[PDB]
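Numbering (the deposited numbering), first residue to last: 320 to 455, 465 to 484, 502 to 561, 568 to 622, 628 to 1003, 1010 to 1210, 1213 to 1243.
Don't be surprised by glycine CBs; every beta carbon is placed ideally from N, CA and C.
Notes follow the structure.
Laid out in structure tokens, this is it:
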């Protein structure tokens, strides 16, 4: 039970997880180190022993100490890095790779040992099988044993061999094992033996009538079908074919009935592919596999030289020089059984390599989706002032449907606490030329009443730009400034979460009698306060259906959910969680399940335990003294949870700092050194147990900077390791760093929406539809003094220049030319995402054609097939 929830739920499948030997541990270490070294791209030896040592330390911390990756990277960082800076470093990604490799390695060795425990279960000692298990295709070994010792395993071809027909196989003059040994040995150590006196046909014709009881050309077909099985079962052959196949196979796409029919060469399926090529575009293979799953196209996997690879492994191994017809007949039977067995094995080996690639690429895409979600999460709370930042007073509002003077503008005010105070409604039209001052006055009255510090806006359509511009100019006109004396900043903010929130039931129970716009503005404000909490609050299916990566749907729920969980774990462990708030601010506490060493089963227990205590925690030790936590859980998480300090003397500064309890003593000792206490007073105070006085004396003095930074971290850390043996330089650095000011913000600055993303979020037209130099139908709606004003399908404003439609090219205005109701195709020439406007050409000169195309190399892309199918495209209409 004292095991991290994520590890517990992961280990639910495997069994005997901790059962590993010294040889297993070394093989695992060297292998995982090789895998990471390969991805790290080292040069020469690179002092590889130090790297493999760091790997050993990491795997020890993970597998045996049950430490989660955040704690390891935070407090155990120095053991996973070169003593010299920039030598090497294993990132969070590497640690997650390590844990994944660890679990798969344990499951693999478990199956390997199970087959060992099945072979030795028979107690037979075979030169091949016993040698094979020396090192530790496993399923090949299982099939080999079930085929070879079908009866020895019974107490613990099958029918064909019972009939006399096996005499033909016996008469072959060489066993399949001889050929397999030659192949694996790469040389003909076992030449075949000639058959001198009887052809297979003589045996068949003689036996069929003479053995009317056991045997009856169906007999020959039966022999051909069953003998090749022995060829297909040889491990030494299959292993070599499989390996060579997986090194350079080709994966050209083959279409079906829907090919070029359901795609219309106008979709993502518009694409001799190779495994290495997928290293850059691994999603392409997912597209291929998905199209195959939906019965669109089937990717065919084959070797570079299938015919040469098979025959070159046969003429050198089985060709017969005997001119006797018997030898010719037998050699032909060898060739037929050989090639048929090869064709039989190819389907299985293909499925094996196919699934292997599917898994590898799924993980590779999971990595990128994770990293993007990560950069979405790492966003500090917005700061209203860089000079003197304080929590900001916020007033959120939404443009609505954009119908100024209608669909009354909704606004909401939220205090620094993040609590909904009051929603407003400005029905006065900001654009009514009659009395604009009406709107400007009522708005100023709102600001005067709430005195907010920031304004956020996001709407469904481009009208939001006009709304924002008006708001900005009105603010400038009224000279609205904070006590800071400068104008209130106005920023465009993301709203995806706000849209999901207002539709979500949680918002309904939170605000049962409020319109959707109010709840949306509320979510916008909250997003302005803490994006981490917002993303955390989303539910499993809703966050999964969040548009994070275009091909996110390719990954199944397990891989995507796991990848997302890793990001929440990292980012939550990047900034501490105030347990005091976590006991009651359920919205703020729900992130606890992602804190290091917590989860569903234990989050509930922890929260309930705090409720039972009915008092605020005063020191981290209380979590263990009252037995609230268990040793492992506390070790894995005590460094992240924190207590906010105030000012009662029993409380400790360290309880408001992200220092693990293990380094509290170190903190006091280094503070003592930074205080230049006399060695004798150090010993006396220590024997007296008066360490806490040191940090208070440090807090008292004003020359904190001049005294603290004077300390050389390197000397202290080197002496610490020399005397104690530990390695904590970076930890000591974090100590001294946080000893200045508690809980400095680590997340990067807020990310206001700028340009492109503004237009994208406010319009809903993808760059595949509305881009520089696109042809799109436009709705000519208004005529101007010289130009024409049109609109797109998503209310995008487009200007048709007098000359861009031959209006200025000829005489007279064109207003009489164009009419409403007819769809006019046009070509956009310029786009201004910042200004949300475009310039379009309405002339067939350009408006009258394949802007998109993948690779067209005849090998990468089959141009021959496309050219042949061009006649189908021509005839398809009449076909």
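In this structure the region 347 to 359 does not lie against the region 949 to 967, because fewer than three pairs of beta carbons, one per stretch, are closer than 8 Å. For residue 605, the closest of 1065, 1229, 1240 and 1242 by C-alpha to C-alpha distance is 1229. Under the three-state reduction of DSSP, residue 714 is assigned to helix. The Cβ neighbour count for residue 957, taken over all protein chains shown within 10 Å, is under 16; the residue is labelled exposed. Using a Cβ distance threshold of 8 Å, residue 761 and residue 788 count as a contacting pair. Per DSSP, the beta bridge partners of residue 1140 are 1186. Minimum Cα-Cα distance from residue 533 among the listed residues 670, 1200, 569 and 765 corresponds to 670.
Residue environment for residue 675: exposed (fewer than 16 other C-beta atoms within 10 angstroms of its C-beta). Three or more beta-carbon pairs drawn from the region 1019 to 1029 and the region 1085 to 1098 are found closer than 8 Å, and the two stretches are therefore classed as touching. Taking 8 Å as the upper bound for CB-CB distance, residue 377 and residue 322 are not in contact here, some 19 Å apart. Membership of residue 798 in the alpha helix (DSSP H) is indicated by the continuous run 792 to 806. By the Cβ neighbour-count rule, residue 813 is buried, with 16 or more other Cβ atoms within 10 Å of its own. Pairwise C-beta distances place the region 1175 to 1185 out of contact with the region 1124 to 1135, as fewer than three of them are shorter than 8 Å. Only residues of its own chain outside the window of five on either side were considered, and among them 939 have a CB closer than 8 Å to the CB of residue 967, listed in chain order. Around residue 1034, the same chain offers 1044 and 1056 as residues with beta carbons nearer than 7 Å, after the five sequence neighbours per side are excluded. Note on residue 1214: under 16 other CB atoms within 10 angstroms of its CB, so exposed under the neighbour-count rule.
Sequence-distant Cβ neighbours of residue 881 in its own chain, meaning closer than 7 Å and more than five residues away, are 750, 752, 768, 770 and 812. Looking only at 693, 1104, 864 and 473, the smallest Cα-Cα distance to residue 524 is reached by 693. Taken through DSSP and simplified to helix, strand or coil, residue 1159 comes out as strand. By a beta-carbon distance limit of 8 Å, residue 919 contacts residue 722. Their separation comes to about 4 Å.
Around residue 1117, the same chain offers 1195 and 1196 as residues with beta carbons nearer than 6 Å, after the five sequence neighbours per side are excluded. Counting C-beta pairs closer than 8 Å gives fewer than three between the region 401 to 416 and the region 971 to 990, which falls short of the contact rule. Counting C-beta atoms within 10 angstroms of its own C-beta, residue 1232 has fewer than 16 neighbours from the protein chains shown and is therefore classed as exposed. Between residue 823 and residue 755, the alpha-carbon positions lie close to 7 Å from each other. Shown here, residue 641 sits in a helix according to DSSP, grouped into three states. In the three-state reduction of the DSSP assignment, residue 857 falls in the helix class, which pools H, G and I. Taking C-beta atoms under 8 Å as the contact rule, residue 766 and residue 781 qualify, at a distance of about 6 Å. Counting the other CB atoms within 10 Å of its CB gives residue 326 a total of 16 or more, which places it among the buried residues.
A Cβ-Cβ distance of about 14 Å is found for the pair residue 737 and residue 845, leaving them out of contact under the 8 Å criterion.
In the three-state scheme derived from DSSP, where H, G and I count as helix and E and B as strand, residue 1152 is classed as strand. Residue 742 and residue 748 have their C-alpha atoms roughly 12 Å apart. Residue 945: member of the alpha helix (DSSP H) spanning 942 to 945, first to last residue. Comparing alpha-carbon positions, the option among 1032, 852 and 371 lying closest to residue 352 turns out to be 371. Across the structure, residue 734 and residue 725 are spaced so that their CA atoms are roughly 14 Å apart. Excluding residues up to 5 positions away in sequence, 947, 948, 951, 996 and 997 lie with their Cβ nearer than 7 Å to the Cβ of residue 933 in the same chain. Sequence-distant Cβ neighbours of residue 640 in its own chain, meaning closer than 7 Å and more than five residues away, are 622 and 634.
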